[PDB]
Amino acid sequence: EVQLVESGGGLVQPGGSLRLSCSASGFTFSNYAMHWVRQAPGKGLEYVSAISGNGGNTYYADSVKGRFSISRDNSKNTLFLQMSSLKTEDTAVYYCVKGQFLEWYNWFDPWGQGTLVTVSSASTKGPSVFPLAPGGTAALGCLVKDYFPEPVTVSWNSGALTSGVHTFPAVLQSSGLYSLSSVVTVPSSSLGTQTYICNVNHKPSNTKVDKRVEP
Amino acid sequence: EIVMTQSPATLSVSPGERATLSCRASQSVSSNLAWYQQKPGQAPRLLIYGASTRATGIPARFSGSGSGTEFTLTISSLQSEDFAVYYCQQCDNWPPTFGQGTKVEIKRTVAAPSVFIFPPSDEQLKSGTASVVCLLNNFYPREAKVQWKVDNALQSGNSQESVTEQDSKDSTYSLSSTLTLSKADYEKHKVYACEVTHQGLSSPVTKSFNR
């Protein structure tokens, strides 16, 4: 089976540079044009760049032309995207994508899993975790505030509590930091007797918090 | 540059019924059109190429049709996995362009949200900011309006919200809205209220607390 695996994504400042890699397997890499496509969080798909099978022809969307560079190593079956002259608007998941034999007027198949590039002036840091404090049903939760960059994971009771949990997409605040809420509905009669803990892990900052939420 | 326009923006379909998605190109691209499926948090995958050829491994219930400027993706009996976002892409012009996507969601009966309001914690107040959170839990359809009032003053520009993906079990949505105030501002006022408008509610519901 054909597999495409991107690496190299992460946080970078405007005025920095970043190199993405895509490792290809399961096909004769040098016989095929390759491409990059990106997707800003919550937005649609935007074509980025093309490279012919032997690397002799390259094409760039006007949005990245003069700033990004595409290249390929056919001996190592790798495709690259060099990102320079960066803008915050370059924040996106970047997808490696397999083309056909000639590079023009291709469709894209298959796609890599994607790698998230965050272009921002903000610096890495872990969240503060605040309680959303609570014979019927009650709601409680955790406010995972002021972290950067994405992503964060949230579980409840070390994974023992899954029913009724909603963990919301983060919002990007005007500060440049992210904020997310995770909630769960539980029996009102349990609020003072059952222990409810939200397990927050922010890998980019190596920050983990276990927060009990009580009335 | 060929402009691709998909319609509708969101298609609500009962499980087992047919879904028909439209894609229009601003010029003729013959049969040079592809369709992609993207499930939340996943990469897109190819469904259709050459307007009507199904990619390997794609179920038979997906079929593409059309030529020239008008194309159709037909999903003949929506299975649970099939609810996703669908993009078209012309494979004819040398700036490749995509449609903006059609979201296919499960249609179910109207369900009113349960609404909860959360004051800021004393811990957060110690650092000088107050977040007030309003939760709209397990409602359908997705359209809902949250209005924040602080001592009856409608808050505009002070809040952000987001919405979960459609729930796999009950096909509902949930929404969280955060109102941000400084500590000094939070302590100037007493009544904090979120008012929720939704098709499932005969009149707007308000949840509030006094600081």
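At a glance:
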| quantity | calculated |
| --- | --- |
| Volume per residue of the C-alpha convex hull in chain A, rounded to whole Å³ | 145 |
| Along each principal axis, Cα extent of segment B:114-210, largest first, Å | 41, 26, 21 |
| Surrounding net charge for residue B:43, when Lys and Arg each add one and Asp and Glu each subtract one, Cβ distance under 13 Å | +2 |
| Neighbourhood net charge (15 Å Cβ-Cβ; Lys/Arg +1, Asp/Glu -1) for residue B:193 | +3 |
| Inter-part distance where segment A:65-137 and segment B:159-201 are each reduced to a Cα centre, Å | 31 |
| Cβ-based charge dipole, the protein assembly as shown, positive-most Cα from B:72, A:93, A:47 | A:93 |
| Net charge contributed by nearby residues that have their C-beta within less than 14 Å of residue A:18 (K/R +1, D/E -1) | +2 |
| Cut-off under 5 Å, modelled amide H: who pairs with residue A:68 long-range | A:84 |
| Segment B:85-137: C-alpha gyration tensor shape, a/c 1.5 cut-off, then a/b vs b/c | oblate |
| 222 nm mean residue ellipticity, helices alone, for the protein assembly as shown (DSSP H n ≥ 4; -39,500 (n - 2.57); rounded to 500) | -500 deg cm²/dmol |
| Cα-based Kirkwood hydrodynamic radius, segment A:128-212, one decimal, Å | 13.2 |
| Under 19 Å from the Cα of residue A:208 - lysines, other chains or at least 8 residues apart | A:125, A:145 |
| Out-of-range pairs (alpha-carbon distance over 21 Å; input B:39/B:103; B:39/B:145; A:211/B:126) | B:39/B:145 |
| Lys pairs under 25 Å by Cα in segment A:3-119, provided they are eight or more residues apart or on distinct chains | 6 |
| Segment B:1-145 - Rg over Rh from alpha carbon coordinates, Kirkwood radius | 1.16 |
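Counting neighbours? That spans all protein chains shown, and the Cβs are built from the backbone with ideal geometry, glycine included. Any read-out appearing in this document is the output of simple, stated calculations on the displayed coordinates, not a laboratory observation.
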